[PDB]
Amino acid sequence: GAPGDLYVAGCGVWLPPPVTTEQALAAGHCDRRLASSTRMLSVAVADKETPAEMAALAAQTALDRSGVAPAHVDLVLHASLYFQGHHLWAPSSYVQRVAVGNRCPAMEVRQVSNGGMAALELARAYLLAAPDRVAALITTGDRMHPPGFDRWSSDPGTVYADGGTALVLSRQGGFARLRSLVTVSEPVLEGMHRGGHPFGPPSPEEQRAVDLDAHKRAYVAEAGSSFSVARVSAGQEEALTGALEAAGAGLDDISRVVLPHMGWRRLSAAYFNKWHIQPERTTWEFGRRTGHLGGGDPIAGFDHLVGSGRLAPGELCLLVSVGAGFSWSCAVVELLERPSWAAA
C-alpha cells in the first residue's frame, strides 16, 4: 500500500472461563429481570489472574501472530479502566518485560471504556511521528472483582468481564488496513459518572463499591434529560459519520459492525433501533457470551470476527467504542487477507 498506511499485524485475547447467567442467577449476583433486559448468556470471569497478567498473555498471542520482532516494537501502551492491582507500580512495564522483552517506552493510556481506541490513537500518532518507526503494541486488561466492583450491578445494563486483549499496529504491513480512526469528545458529560456538582468540583474520593446509576440521575436532574440524551446522540453520530467519511464509505459498505459488549437494552437504544441494523451484522452474539472487557471490546470483537472467518478479504469492518467522559471512537478496518491463525 501507500506510505502513511497503517496496518493491523496481529491481535489476540486472553479470556478466562465463562460464568453463565444461570450460575449468576443461582448465586444471587443477577436477578432474572436484569437477565431478561440484558439478554446476556455469560461473562468471562478470572480466578487468580491479575490485569497485567491477562494483558501480557494476550500480547504474547498478538505478537507471535504478528511475526513482528521485539526490536521493531517502538512503543507499548496498556489501557484499563479499573485498579491494576498495585499502587505506584508500572503494569505497562510488566507487559513489556513478559511479552516483548525490549526497551522502548512503555506506558498506560486510559479513557474509561474507550481506552483501547485511545491507545490506538496515540500509537498511530507515535508511529507516524518518525519515519523509522515500525510497530506498536496496545494491550488492555481489567479484573472486576468484589468488594470494589460488582460486575452485574455497579453499572446496570452492562455486565463487566475480566480479561485481556492486544493489538499490534504497524507502518510496514499486516493482514488488515486501518482506513480511518476518529475520536470525538464531549466533556460536558464528565460529571455523569461522578459525585459532586456536575458543573463544579468532584466530591471526595470513593474507592468503595462503584455506583454509577446514582450519579447519572443527579447529572440529568441538573443538566436535563433532553440535553443529556441529545448530546450523547450527537457525539456518537459525529464519530460514526467521521470515521465512515474518512474511509470513503457508508454504513451500507460495512460488512460487520463491532459494537461494545453492553446489554441488549442499551445496544438496541444506541445502535439497532437507531441505525436500523440487524444484530447478525454485529458482534452481538460474541459480546453477550463475553461481557464488557474494560476498554478492550473492539479489539476482542475484531479478533473474534477475524478468527472465526466472519470477515472476508476486501470486506470492511466498523469498530464502535464509547467511554464515560464522554469519548467516542470509530474506525473502519479493511481485511486484506485471512491470517494463518484464522478458520474459514
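In case it trips you up, residue 1 is the first one in the sequence shown, and so on. We call the rigid core the largest set of C-alpha positions that still match within 1.5 Å between the two forms.
- With every structure aligned by its rigid core, 198-206 is the stretch of 180-188 and 198-206 whose CA positions lie farther away in 5 other deposited structures of this protein.
- Stretches 13-21 and 329-337 differ in mean C-alpha B factor, with the higher average recorded for 13-21.
- When the mean C-alpha temperature factors of 146-154 and 174-182 are read from the deposited coordinates, 146-154 comes out higher.
- Taking only the listed residues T165, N102, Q207, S80, the entry reports the highest CA temperature factor at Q207.
- Annotation for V73, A223, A249, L127: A223 ranks highest, by Cα B-factor.
- Ranked by Cα temperature factor within the chain, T241 sits in the lowest third according to the deposited record.
- In the PDB entry, a CA B factor belonging to the middle third of its chain's modelled residues is recorded for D253.
- When the modelled residues of the chain are ordered by C-alpha B-factor, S92 sits in the lowest third.
- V109: CA B factor in the lowest third of modelled residues in this chain (values from the PDB entry).
- Among all modelled residues in its chain, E53 ranks in the middle third by Cα B-factor.
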